[PDB]
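Worksheet for the structure shown next.
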Amino acid sequence: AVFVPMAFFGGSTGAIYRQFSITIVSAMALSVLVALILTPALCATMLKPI
Amino acid sequence: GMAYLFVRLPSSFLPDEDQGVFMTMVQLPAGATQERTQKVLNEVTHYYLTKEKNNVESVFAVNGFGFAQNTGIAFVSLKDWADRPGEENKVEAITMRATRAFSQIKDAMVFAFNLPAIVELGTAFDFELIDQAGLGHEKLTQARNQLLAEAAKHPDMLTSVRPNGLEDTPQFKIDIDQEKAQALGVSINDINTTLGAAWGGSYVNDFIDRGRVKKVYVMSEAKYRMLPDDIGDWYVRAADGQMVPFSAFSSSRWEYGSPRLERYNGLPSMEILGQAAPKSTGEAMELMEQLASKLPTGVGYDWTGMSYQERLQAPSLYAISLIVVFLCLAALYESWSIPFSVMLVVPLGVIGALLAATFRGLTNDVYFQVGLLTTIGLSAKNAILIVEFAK
Amino acid sequence: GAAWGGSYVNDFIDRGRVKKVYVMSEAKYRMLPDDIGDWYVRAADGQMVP
Amino acid sequence: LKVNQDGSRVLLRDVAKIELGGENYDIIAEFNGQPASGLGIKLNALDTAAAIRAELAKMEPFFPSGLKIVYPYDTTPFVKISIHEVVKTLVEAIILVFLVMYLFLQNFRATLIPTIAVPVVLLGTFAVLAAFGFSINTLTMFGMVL
Amino acid sequence: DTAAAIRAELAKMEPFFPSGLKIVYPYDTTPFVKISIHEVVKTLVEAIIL
Amino acid sequence: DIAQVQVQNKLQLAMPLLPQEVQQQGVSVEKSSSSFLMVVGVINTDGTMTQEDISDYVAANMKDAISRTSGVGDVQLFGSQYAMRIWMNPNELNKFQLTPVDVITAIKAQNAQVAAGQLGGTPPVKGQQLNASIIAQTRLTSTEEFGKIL
Amino acid sequence: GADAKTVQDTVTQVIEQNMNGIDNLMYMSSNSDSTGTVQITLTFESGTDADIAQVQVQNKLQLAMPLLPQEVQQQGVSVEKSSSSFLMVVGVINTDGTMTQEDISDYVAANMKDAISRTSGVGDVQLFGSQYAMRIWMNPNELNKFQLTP
C-alpha cells in the first residue's frame with residue numbers, strides 16, 4: 001500500500017518508478033511467503049533446544 | 001524541522017554518471033572552410049591527446065558533422081575507471097578544465113559535455129517561436145532578435161538564452177536574364193543543368209566496382225568552382241553551335257538568407273535553448289510566455305522536447321496511500337486511534353533521510369524518494385510490530 | 001486536355017507556403033460545342049490549325 | 001564524344017580528371033592524428049551490441065593487411081560493469097547481514113535460516129520479473145539490493 | 001477526447017485570426033452523447049432517491 | 001493499422017502503372033469510418049472575405065494542424081486551398097500564333113527551382129577561405145510576378 | 001547542391017503538407033541545411049509501438065514521393081525509426097598506412113555497412129566517411145576548348 005502507488009506516475013518519469021514499484025512489491029510478497037513457509041520450517045529444523 | 005529542511009532542499013532528476021566517455025561540440029562562424037574548421041578540431045585533438053595524459057584513451061574526432069562545413073564533434077573515451085581516482089579525474093573536472101582552456105580560442109564556440117542519463121529530458125527548456133501568419137523568415141528573425149535581446153537583459157529569472165538555429169550568412173545570387181538567354185540562343189534547361197552540374201555535381205549513372213554497384217558523379221574540377229568570377233566561365237553551346245559565357249547573360253551579387261531554416265508542426269519556426277537562473281522551470285517558462293507575448297503581430301510560441309513531459313503530484317499519490325495504509329491498520333487493530341500511532345512514525349525516518357540528503361550536498365532525486373518510501377516501510381514494519389503486541 | 005479540364009504543371013510559394021498553379025481555359029471559351037473548332041495548334045511549317 | 005572533322009578523337013579523359021573518389025566530401029574522420037573511418041550504431045541493449053561484437057567477428061579473418069578495429073566510444077561496458085558492481089554490493093550485503101546474524105544468534109545453523117531466505121526471494125524476484133516481462137536493468141538490480 | 005482535442009487544438013488558432021473570421025458548429029454529435037449519458041446518470045441518482 | 005498498410009503495399013505496387021498526372025495529384029490510403037460526426041465552419045462577419053477567400057485561410061492554417069491529431073481519418077474541405085490560375089485566351093494565343101504547350105513550357109521553365117551548389121565547393125583546393133551557397137532563380141509569389149513571363 | 005531556401009520549399013513543404021491522416025503524434029520538427037538534406041523527426045506519444053507508427057509515416061511518405069523533385073527521388077528518402085543516441089561507435093584504421101582517409105570508408109561501406117545494419121537493434125547507422133563513387137571532375141576550359149557542354 002506504499003510501494004504500489006508509485007507505478008501510476010504518468011510520463012517518461014513514472015516508468016522509472018514502475019520498476020521499483022513492481023520489484024519491491026514482488027519481493028515483499030515472496031519474502032512473506034518465505035517467512036510463512038520456509039522460515040517456520042527452518043526454525044523447526046535448525047534451532048538448538050534451549 | 002522536517003518540513004522546513006525538506007521544502008528547502010532542491011530536487012533534481014538523476015545522477016550524471018561518469019560513463020567513461022564524453023563529447024565536444026565545435027561550432028565555427030558561418031562561412032569558414034573545412035580546412036579552417038580542421039584547424040580548430042586540430043586544437044581539440046591536441047588538448048585531449050596532449051594536455052593531460054592520465055584519463056584519456058582515444059579521442060575519435062570528426063570534422064563536418066555533429067548536429068544538423070563549419071561544425072565538428074570530438075568523441076573521446078577515458079582510461080579504465082581504476083586509473084582515474086578522485087573527483088579531479090571524473091568527467092566533471094576533466095570537462096571543466098577542458099572547456100575552461102577551450103573557451104580561450106578565437107573565432108570558435110567549442111565546449112565539452114557529458115552524456116546525460118536519458119537522452120530525451122536532459123537538462124531541466126526548449127522554446128519555439130512560430131510564424132503563425134506567414135510573416136516570412138527575415139521578419140521572424142526580427143521577432144527572434146527582439147525576444148533574445150529582451151530575455152538575458154532580465155537576469156533575475158534567466159540568462160544564457162540563445163537560438164538553436166544559426167544566424168543568416170551571405171549567399172551568392174545569380175540572375176539568369178531570360179530575355180538575353182533566349183535572344184543569344186541558349187535554352188534555360190541547358191543553363192540550369194550546366195550551373196547545377198558545375199556547382200554541386202549531379203547523380204547521373206551507376207557502375208560496377210569489384211562486383212558491387214557504386215555511383216558516378218559529374219562535377220567540376222576543384223580549382224574551378226571556388227571563386228566568384230569563375231561563374232563568368234562555363235560557356236554553353238547554343239543555337240548556331242555557339243559558346244556563350246555566363247558573364248554575358250547573368251548578373252551576380254551578394255545577398256542574405258537562412259542556412260538553418262527550422263520548422264515546427266509544418267510552419268516556419270526557430271528554437272531557443274535556455275535554463276532558469278540558479279528559480280524553477282515553471283517561473284522561467286512563465287517569463288518566456290510573457291516575453292513572447294511582447295512580440296510583433298502574428299508570432300506565436302510553443303513548448304516542446306525537454307519541457308513537454310511536464311506542463312500536464314507526488315503528494316497526490318502519497319496522501320491517499322497514507323489513509324489507505326490507515327484503512328488496513330484500522331481493519332488490523334479494530335480501531336481508528338490505534339492506527340494513528342503507527343503513521344505517527346512517518347516523520348521519524350523522513351527527517352533522518354533529509355538530514356543525510358542535505359549533509360552530502362545531494363538532491364531529492366527519484367532515488368531519494370525510493371529510499372524515503374523504503375525507510376517509511378521499515379518504520380511501519382517496526383511500529384506495527386510494537387503496537388500489535390501492545391494491543 | 002489543358003483547354004478542357006486544366007492541367008497541374010508547376011507549384012509556387014504563397015506567403016511562405018507551397019500552392020499549385022493551373023493552366024486552364026478562360027471561363028467564357030469552354031462552354032459551347034462549336035468553341036471546339038477554335039484553339040488552333042502550331043505545326044510543321046509554323047502553321048496554326050483549327 | 002565530339003568527333004572532329006580531321007579524324008581527331010575527343011574523349012572524356014581529355015576534358016576531365018577521372019578518379020575513384022568519395023561519394024561525399026563533407027565528413028572526414030581523423031582518429032588520433034591518423035586518418036580512419038567508422039560507423040556509429042543507433043539504438044535489445046547488450047544482445048544488440050553483443051550481436052555486433054559477433055557479427056563483426058566474422059569479418060576479421062578476411063581483412064586486408066593493415067586494417068585494425070578500435071572501440072573509441074562505447075557505453076555497453078558502462079552498464080555491464082555498473083550492474084555487476086550492484087551485484088557485488090548484493091553479495092557484500094549478504095555477508096554483512098550474516099555477520100550481524102552470527103553476532104546475535106551465535107550459531108551457524110541459527111543464522112543460516114535468515115541467510116537462506118534472501119537469495120531464495122531474490123531468485124524468485126528474478127522469476128517474477130520474468131513473469132511480468134521486466135528487465136535486468138540499472139534500476140531493478142538496485143531494487144534487488146534495496 | 002477526439003473531439004475535445006480539436007475543441008482545444010482550434011483554441012490555439014483563435015488569437016491570430018484576421019479581423020472578421022468567426023467559428024460556428026453547424027453539425028455536432030458530441031454534445032448529443034455528452035448529454036444523453038449525463039441524463040442517464042441523473043436517472044441513476046433519481047433511482048437512488050426513489 | 002494492421003490492414004491499413006496491407007492496402008498501401010499493393011497501392012505502391014500499382015503506383016508506377018497509373019498515369020503520370022494521377023501520380024502528380026497522388027493517391028491516398030485514408031483509413032476512416034463513413035460518418036463525419038462534427039463539421040466546423042468559418043465565416044467572415046464583416047464580409048471582408050469572399051467565398052473562395054475563406055477556404056484558403058482554413059486550408060493553409062487549419063487543414064494541416066487539425067488533421068495531424070488522432071481520431072481524424074480523412075477530413076473533407078468544403079472549398080479548396082488557393083492555387084494560381086492562368087485562364088488562357090485561345091484567341092490571343094492564336095492572335096500571336098502560340099499553343100498552350102508553349103505556355104506550359106514557359107511556366108514550367110521559369111517557375112521551377114534550381115540546383116545551385118556553393119562557392120568554395122565541398123571538395124576544396126587548399127587555401128580557400130570563404131564558402132557560401134549559390135542561389136539562382138527560385139519560385140514566384142504573386143499575380144504580378146507571373147504576369148512577367150517570357 | 002541546394003540551399004535551405006530551396007529544399008525547405010521544394011521538399012520540406014511538399015512533405016509537411018502530405019503528413020496528414022495518421023494516428024497519435026506529438027509534434028513535427030524540421031531542419032533545412034545548405035547541404036540539402038532535411039530531417040522532420042516525427043514523434044510518438046510514448047504509447048505507440050515502433051513498428052505500428054513507423055509505417056503510418058511511410059504511407060504518407062510514398063503518397064508524397066511522386067511530388068518531390070526528380071533528383072530527390074534518385075537519392076531517395078528514408079523512414080529511419082531510431083532513437084537519438086549513438087551508443088557505440090566503432091572505428092577502422094590502417095596501422096601500416098597503406099590505405100588513405102578516403103580509402104578506408106569504402107571497405108567499411110562495401111563489406112560492413114550493409115551486413116552490420118541488417119541486425120536488429122540498429123535503427124540508422126551514420127557512416128563517418130563515404131562509400132566510393134566514380135568522380136569525373138570536368139574542366140570547363142577543355143570543355144570550351146573543344147566547344148562542349150556538361
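Letters A, B, ... go to the chains of the C-alpha cells in the order shown; residues in each chain start at 1; ligands are counted from 1 in the same order.
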
Practice task
For residue D:43, list every protein, DNA or RNA residue within 7 Å, evaluated using only C-alpha atoms, and leave out those in the same chain fewer than 4 positions away; present the list as a ChimeraX atom specification.
Solution key: /G:82-83,85-87,121-123

Exercise for the section: Quick one: everything within 12 Å of residue F:143, counting only C-alpha atoms, minus sequence neighbours fewer than 5 positions away in the same chain. Send it as a PyMOL selection string. Expected result: (chain C and resi 12-14+21) or (chain F and resi 83-86+148-149)

Output file for the residues above (N, CA and C atoms, as a tab-separated table (two decimals), in the first residue's frame):
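The result, stored in out.tsv:
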chain	number	residue	atom	x	y	z
C	12	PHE	N	4.10	26.99	-56.76
C	12	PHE	CA	4.69	28.27	-56.40
C	12	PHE	C	4.58	28.47	-54.90
C	13	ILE	N	5.22	29.53	-54.41
C	13	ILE	CA	5.26	29.86	-52.99
C	13	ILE	C	4.33	31.05	-52.76
C	14	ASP	N	3.42	30.91	-51.81
C	14	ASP	CA	2.48	31.98	-51.46
C	14	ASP	C	2.55	32.21	-49.96
C	21	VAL	N	-0.27	25.65	-59.29
C	21	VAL	CA	-0.63	26.52	-60.40
C	21	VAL	C	-1.41	25.68	-61.41
F	83	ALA	N	-4.89	28.36	-55.32
F	83	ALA	CA	-3.97	27.99	-56.38
F	83	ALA	C	-3.92	29.14	-57.37
F	84	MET	N	-2.74	29.37	-57.93
F	84	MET	CA	-2.63	30.33	-59.02
F	84	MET	C	-3.34	29.76	-60.24
F	85	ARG	N	-4.12	30.60	-60.91
F	85	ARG	CA	-4.88	30.21	-62.08
F	85	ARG	C	-4.49	31.12	-63.23
F	86	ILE	N	-4.08	30.52	-64.35
F	86	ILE	CA	-3.90	31.27	-65.59
F	86	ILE	C	-4.97	30.79	-66.56
F	148	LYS	N	4.81	38.69	-65.60
F	148	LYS	CA	6.05	38.81	-66.37
F	148	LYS	C	6.57	37.40	-66.65
F	149	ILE	N	6.26	36.88	-67.83
F	149	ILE	CA	6.72	35.57	-68.28
F	149	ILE	C	7.22	35.70	-69.71

Exercise for the section: Would you list the contacts of stretch 40-50 of chain F as an MDAnalysis selection string, taking every protein, DNA or RNA residue within 12 Å and counting only C-alpha atoms, but skipping same-chain residues closer than 4 positions in sequence? Expected result: (chainID E and resid 3 6:7 10 14 17:29) or (chainID F and resid 36 54:59 62:63 66 75:79)

Practice task
May I ask you to extract the residues of chain D within 7 Å of chain G, using only C-alpha atoms, and to give them as number ranges by chain?
Solution key: D: 15-24, 27-29, 35-44, 48, 52, 55, 66-75

Practice task
Name all residues at most 12 Å from stretch 100-112 of chain B (count only C-alpha atoms; drop same-chain ones fewer than 5 positions away) and give them as a PyMOL selection string.
Solution key: chain B and resi 21-32+36-48+51+70-76+91-95

Starting from chain A, keep only residues with some atom at most 10 Å from an atom of chain B, counting only C-alpha atoms, and report them as an mmCIF file with C-alpha atoms, in the first residue's frame.
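Saved the output as part11.cif:
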data_model
loop_
_atom_site.group_PDB
_atom_site.id
_atom_site.type_symbol
_atom_site.label_atom_id
_atom_site.label_comp_id
_atom_site.auth_asym_id
_atom_site.auth_seq_id
_atom_site.Cartn_x
_atom_site.Cartn_y
_atom_site.Cartn_z
ATOM 1 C CA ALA A 1 0.000 0.000 0.000
ATOM 2 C CA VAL A 2 3.004 2.382 -0.049
ATOM 3 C CA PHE A 3 5.123 0.801 -2.779
ATOM 4 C CA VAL A 4 2.452 0.121 -5.454
ATOM 5 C CA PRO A 5 1.148 3.732 -5.924
ATOM 6 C CA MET A 6 4.462 4.790 -7.484
ATOM 7 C CA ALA A 7 3.632 2.668 -10.557
ATOM 8 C CA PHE A 8 0.998 5.269 -11.533
ATOM 9 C CA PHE A 9 3.170 8.323 -12.223
ATOM 10 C CA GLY A 10 2.422 9.308 -15.813
ATOM 11 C CA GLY A 11 5.004 10.239 -18.419
ATOM 12 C CA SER A 12 8.599 9.332 -19.153
ATOM 13 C CA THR A 13 9.480 9.729 -15.454
ATOM 14 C CA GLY A 14 6.931 7.412 -13.825
ATOM 15 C CA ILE A 16 11.290 4.743 -13.847
ATOM 16 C CA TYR A 17 9.152 4.479 -10.710
ATOM 17 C CA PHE A 20 10.831 -0.343 -8.085
ATOM 18 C CA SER A 21 7.052 -0.257 -7.621
ATOM 19 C CA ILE A 24 9.979 -4.304 -4.304
#

Exercise for the section: For chain D, report every residue with an atom at most 6 Å from chain A (counting only C-alpha atoms), formatted as a PyMOL selection string. Expected result: chain D and resi 109-110+113+121+125+140+143

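With only C-alpha atoms taken into account, the protein and nucleic acid residues at most 8 Å from stretch 22-32 of chain C (excluding it and anything under 6 positions from it in its own chain) are residues 2, 3, 4, 5, 6, 7, 8, 9 and 10 of chain C; 83, 84, 85, 86, 87, 88, 89, 90 and 104 of chain F.
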
Quick one: write out the picked residues with C-alpha atoms as a CSV table (one decimal), in the first residue's frame?
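Listed below is the output, again.csv:
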chain,number,residue,atom,x,y,z
C,2,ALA,CA,-5.4,21.8,-70.9
C,3,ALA,CA,-8.2,23.7,-72.6
C,4,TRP,CA,-10.9,21.5,-71.1
C,5,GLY,CA,-10.2,20.4,-67.5
C,6,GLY,CA,-6.9,22.2,-67.0
C,7,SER,CA,-3.5,20.7,-66.1
C,8,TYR,CA,-1.4,20.5,-62.9
C,9,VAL,CA,2.0,21.7,-64.1
C,10,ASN,CA,4.0,23.6,-61.5
F,83,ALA,CA,-4.0,28.0,-56.4
F,84,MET,CA,-2.6,30.3,-59.0
F,85,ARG,CA,-4.9,30.2,-62.1
F,86,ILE,CA,-3.9,31.3,-65.6
F,87,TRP,CA,-7.1,31.4,-67.7
F,88,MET,CA,-5.6,31.5,-71.2
F,89,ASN,CA,-7.3,33.1,-74.2
F,90,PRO,CA,-7.2,30.9,-77.3
F,104,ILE,CA,3.1,25.3,-70.1

Problem - Which of stretch 33-130 of chain D DSSP labels strand (DSSP E or B), written as a list in words - result: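 Listing strand (DSSP E or B) positions across stretch 33-130 of chain D yields residues 35, 36, 37, 38, 39, 40, 41, 67, 68, 69, 70, 71, 72 and 73 of chain D.
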
If the cut-off is 7 Å, can you tell me the residues of chain B near chain F, counting only C-alpha atoms? I'd like them as a CSV table (one decimal) with N, CA, C and O atoms, in the first residue's frame.
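Below is the file result_39.csv, written as the result:
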chain,number,residue,atom,x,y,z
B,31,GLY,N,30.7,30.5,-42.6
B,31,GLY,CA,31.5,30.9,-43.8
B,31,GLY,C,32.9,30.3,-43.8
B,31,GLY,O,33.5,30.3,-44.9
B,32,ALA,N,33.3,29.8,-42.7
B,32,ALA,CA,34.6,29.2,-42.6
B,32,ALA,C,34.7,27.9,-43.4
B,32,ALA,O,33.7,27.2,-43.7
B,33,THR,N,35.9,27.6,-43.9
B,33,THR,CA,36.1,26.4,-44.8
B,33,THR,C,36.3,25.2,-43.9
B,33,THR,O,36.5,25.2,-42.7
B,170,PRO,N,25.8,35.4,-45.8
B,170,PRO,CA,25.7,35.8,-47.2
B,170,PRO,C,25.6,34.6,-48.1
B,170,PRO,O,26.1,33.5,-47.9
B,171,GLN,N,24.9,34.8,-49.2
B,171,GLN,CA,24.7,33.8,-50.3
B,171,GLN,C,24.9,34.5,-51.6
B,171,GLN,O,24.5,35.7,-51.8
B,172,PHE,N,25.4,33.7,-52.6
B,172,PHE,CA,25.6,34.2,-53.9
B,172,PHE,C,24.4,34.1,-54.7
B,172,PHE,O,23.8,33.0,-54.8
B,173,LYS,N,24.0,35.2,-55.4
B,173,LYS,CA,22.7,35.2,-56.1
B,173,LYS,C,23.1,35.5,-57.6
B,173,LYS,O,23.8,36.4,-57.9
B,174,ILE,N,22.5,34.6,-58.5
B,174,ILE,CA,22.6,34.7,-59.9
B,174,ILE,C,21.3,35.1,-60.5
B,174,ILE,O,20.3,34.4,-60.1
B,175,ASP,N,21.2,36.0,-61.4
B,175,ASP,CA,20.0,36.4,-62.1
B,175,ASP,C,20.3,36.0,-63.6
B,175,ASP,O,21.1,36.6,-64.3
B,178,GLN,N,16.5,36.0,-68.7
B,178,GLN,CA,15.7,35.2,-69.6
B,178,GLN,C,15.7,35.8,-71.0
B,178,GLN,O,15.8,35.1,-72.0
B,188,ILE,N,17.0,27.5,-71.3
B,188,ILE,CA,17.2,27.6,-69.8
B,188,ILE,C,17.5,26.3,-69.2
B,188,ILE,O,18.2,26.2,-68.2
B,192,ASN,N,20.6,25.9,-66.6
B,192,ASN,CA,20.4,25.4,-65.2
B,192,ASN,C,21.1,24.0,-65.0
B,192,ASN,O,21.7,23.8,-63.9
B,195,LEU,N,24.8,24.9,-64.6
B,195,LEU,CA,25.1,25.5,-63.3
B,195,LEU,C,25.0,24.5,-62.2
B,195,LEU,O,25.8,24.5,-61.3
B,196,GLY,N,24.0,23.6,-62.3
B,196,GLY,CA,23.9,22.6,-61.2
B,196,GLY,C,24.9,21.5,-61.2
B,196,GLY,O,25.3,21.0,-60.2
B,199,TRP,N,28.3,23.2,-60.1
B,199,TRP,CA,28.4,23.6,-58.7
B,199,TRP,C,27.4,22.7,-57.9
B,199,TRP,O,26.2,22.9,-57.9
B,200,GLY,N,28.0,21.7,-57.3
B,200,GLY,CA,27.2,20.7,-56.5
B,200,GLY,C,27.2,19.3,-57.1
B,200,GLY,O,26.8,18.3,-56.4
B,222,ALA,N,38.1,20.8,-58.8
B,222,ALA,CA,38.1,21.5,-57.6
B,222,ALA,C,38.5,23.0,-57.8
B,222,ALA,O,37.9,23.9,-57.2
B,223,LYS,N,39.5,23.2,-58.7
B,223,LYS,CA,40.1,24.5,-58.9
B,223,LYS,C,39.3,25.4,-59.8
B,223,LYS,O,39.8,26.5,-60.2
B,225,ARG,N,35.7,26.1,-59.1
B,225,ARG,CA,34.4,26.4,-58.5
B,225,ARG,C,34.6,27.0,-57.1
B,225,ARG,O,33.7,26.8,-56.2
B,226,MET,N,35.7,27.8,-56.9
B,226,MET,CA,36.0,28.3,-55.6
B,226,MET,C,36.2,29.9,-55.7
B,226,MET,O,36.7,30.4,-54.7
B,227,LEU,N,35.8,30.5,-56.8
B,227,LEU,CA,35.9,31.9,-57.0
B,227,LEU,C,34.7,32.5,-57.5
B,227,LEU,O,34.0,31.8,-58.3
